[PDB]
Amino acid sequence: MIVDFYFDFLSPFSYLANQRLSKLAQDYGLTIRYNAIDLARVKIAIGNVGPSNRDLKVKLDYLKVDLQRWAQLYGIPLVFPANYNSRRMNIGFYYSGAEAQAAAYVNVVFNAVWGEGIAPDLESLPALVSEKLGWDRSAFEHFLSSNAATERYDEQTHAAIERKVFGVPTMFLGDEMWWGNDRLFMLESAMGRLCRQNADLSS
């Protein structure tokens, strides 16, 4: 079974969604197709140009509380980084190879930025992540500034916009799209219905 997952490493709701999706992968063998995309571009595409919730202190104050409530439910830390400059690490997702290493990259980067609060534009973060993954630091860093890397990121952002993705985290199963860590329960219910049909427990 396959779920398409759309995220931007600036998003703490995406950090939460990735944690829960990774557990489904490891606990149930769910297959995740990862897509790192530019939230800023998807928002401007659909006309969402007003002040971001990041810039509305009273709402951000509550969202910070919501985020801690979910981190406590999930048993994980959640620490705000000093900035939301996720472009380099989003692009770096496209260096990863097959599924294990794609998931490993997404997990290590989310845990660094939102689990530890490491700024996503820290100059040494590509090297730190390379060391963790067993990658060639110099080759990764060269990939990050290459034209082909930006093109792949732009290609995926555009495809997500064509698919009617307006935010992150966004998940698809079949023709159904959910937006939010707080809609993963509906994706899980749809997966169960498909598990039951396939097992002949349901028509």
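Don't overthink the numbering: it's just position in the shown sequence, from 1.
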Check your understanding: On average, which has the higher Cα B-factor in the deposited entry, 21 to 29 or 179 to 187?
Key -> 21 to 29
Exercise for review: Tell me which of 100 to 108 and 123 to 131 has the higher mean C-alpha B-factor in the deposited entry.
Suggested key: 100 to 108
Check your understanding: Highest Cα B-factor in the deposition, which of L63, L144, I37, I46?
Key -> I46
Practice item. Sorting the chain's modelled residues by C-alpha B-factor, tell me whether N90 ends up in the lowest, middle or highest third. Key: lowest
Review point. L173: which third of its chain by C-alpha temperature factor?
Key: middle
Review point. By the record's CA B-factor, is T150 among the lowest, middle or highest third of residues in the chain?
Key: highest
Check your understanding: What third of its chain, lowest, middle or highest, does the C-alpha temperature factor of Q68 fall into?
Key -> lowest
**Study point:** Where the record places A160 (Cα B-factor, split into thirds across the chain)
**Key:** middle
